[PDB]
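Engineer: Sharing a structure, written as structure tokens. Questions coming.
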Amino acid sequence: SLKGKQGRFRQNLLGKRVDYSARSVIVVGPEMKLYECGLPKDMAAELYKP
DNA sequence: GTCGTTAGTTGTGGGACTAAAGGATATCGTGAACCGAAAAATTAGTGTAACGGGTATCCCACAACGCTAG
């Protein structure tokens with residue numbers, strides 16, 4: 001249980017699944033700024049819920 | 001001639017092998033018979049109505065005047 005990629009150290013201590021996280025496909029926004037990103041409304045509403 | 005030593009194999013054993021998503025499975029073979037355990041179902045037995053004063057509360061209606069004479 002303590003050994004390997006799926007072991008405790010490398011699966012639950014050195015890297016963790018986290019809250020306030022999301023995932024989606026990426027499209028290109030050419031009219032945006034270098035420090036900007038476009039978040040979908042549902043993703044932002046779920047992430048910023050508190 | 002014989003015994004311990006050193007280095008170079010040689011065979012054998014233990015330990016590594018991106019990151020992201022997802023994530024459904026199927027799983028044989030049979031020997032008997034009696035006793036004990038507890039969990040469940042079935043059966044057997046008892047019953048009020050108004051009254052006296054006296055007084056606590058409720059709803060429900062009404063009152064809570066005006067004038068004259070000795």
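In the structure tokens, the first chain shown is A, the next is B, and so on; residue numbers restart at 1 for each chain, and ligands run from 1 in the order shown.
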Enumerate as a list in words the residues belonging to chain A that approach chain B to within 12 Å, with only C-alpha atoms (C1' of nucleotides) taken into account.

Structural biologist: residues 3, 4, 5, 23, 24 and 25 of chain A

Engineer: Based on the selection just made, write C-alpha atoms of those residues as a PDB file, in the first residue's frame.

Structural biologist:
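The new file result-v9.pdb reads:
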```
ATOM      1  CA  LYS A   3       4.883   1.537  -2.645  1.00  0.00           C
ATOM      2  CA  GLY A   4       4.661   2.735  -6.227  1.00  0.00           C
ATOM      3  CA  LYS A   5       2.633   5.178  -8.266  1.00  0.00           C
ATOM      4  CA  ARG A  23     -12.087  20.819 -16.173  1.00  0.00           C
ATOM      5  CA  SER A  24     -13.198  21.494 -19.736  1.00  0.00           C
ATOM      6  CA  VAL A  25     -12.151  21.673 -23.376  1.00  0.00           C
TER       7      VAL A  25
END
```

Engineer: How would you write, as a list in words, the set of residues in chain A that DSSP gives as alpha helix (DSSP H)?

Structural biologist: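 Those in chain A that DSSP calls alpha helix (DSSP H) are residues 8, 41, 42, 43, 44, 45, 46 and 47 of chain A.
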
Engineer: Would you kindly return, as a PyMOL selection string, each protein, DNA or RNA residue with an atom no farther than 10 Å from any atom of residue 21 (chain A), considering only C-alpha atoms (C1' of nucleotides) and excluding same-chain residues fewer than 4 positions away?

Structural biologist: chain A and resi 17+43+46-47

Engineer: Produce a file of the selected residues containing C-alpha atoms, as a PDB file, in the first residue's frame.

Structural biologist:
```
ATOM      1  CA  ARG A  17      -7.566  15.507  -5.813  1.00  0.00           C
ATOM      2  CA  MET A  43     -18.176  26.501 -14.183  1.00  0.00           C
ATOM      3  CA  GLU A  46     -20.009  26.231  -9.233  1.00  0.00           C
ATOM      4  CA  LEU A  47     -16.420  27.238  -8.430  1.00  0.00           C
TER       5      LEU A  47
END
```

Engineer: Separation of CA of residue 36 (chain A) and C1' of residue 21 (chain B), in Å?

Structural biologist: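 For CA of residue 36 (chain A) relative to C1' of residue 21 (chain B), the distance reads 26.1 Å.
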
Engineer: Could you name the residues that touch residue 2 (chain A) at 12 Å or less, counting only C-alpha atoms (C1' of nucleotides), but leaving out those on the same chain fewer than 5 positions away, as a VMD selection string?

Structural biologist: chain A and resid 7 to 13

Engineer: Suppose we keep N, CA, C and O atoms; can you now write the selection as a short mmCIF file (atom, residue, chain, number, x, y, z; two decimals), in the first residue's frame?

Structural biologist:
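out-v1.cif, freshly written:
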```cif
data_model
loop_
_atom_site.label_atom_id
_atom_site.label_comp_id
_atom_site.auth_asym_id
_atom_site.auth_seq_id
_atom_site.Cartn_x
_atom_site.Cartn_y
_atom_site.Cartn_z
N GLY A 7 0.71 4.04 -4.57
CA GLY A 7 0.91 3.97 -3.14
C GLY A 7 0.48 5.24 -2.44
O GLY A 7 0.06 6.23 -3.05
N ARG A 8 0.58 5.21 -1.11
CA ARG A 8 0.12 6.33 -0.30
C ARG A 8 0.89 7.60 -0.63
O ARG A 8 0.29 8.65 -0.89
N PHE A 9 2.22 7.51 -0.66
CA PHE A 9 3.05 8.70 -0.84
C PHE A 9 2.76 9.40 -2.16
O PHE A 9 2.55 10.61 -2.20
N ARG A 10 2.74 8.64 -3.25
CA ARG A 10 2.68 9.24 -4.58
C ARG A 10 1.27 9.46 -5.09
O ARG A 10 1.10 10.10 -6.13
N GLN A 11 0.25 8.96 -4.39
CA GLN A 11 -1.13 9.14 -4.82
C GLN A 11 -1.95 10.00 -3.88
O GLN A 11 -2.92 10.61 -4.32
N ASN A 12 -1.58 10.09 -2.60
CA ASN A 12 -2.39 10.81 -1.63
C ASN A 12 -1.61 11.80 -0.78
O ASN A 12 -2.24 12.56 -0.04
N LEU A 13 -0.29 11.80 -0.84
CA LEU A 13 0.51 12.72 -0.05
C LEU A 13 1.29 13.72 -0.88
O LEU A 13 1.36 14.90 -0.51
#
```
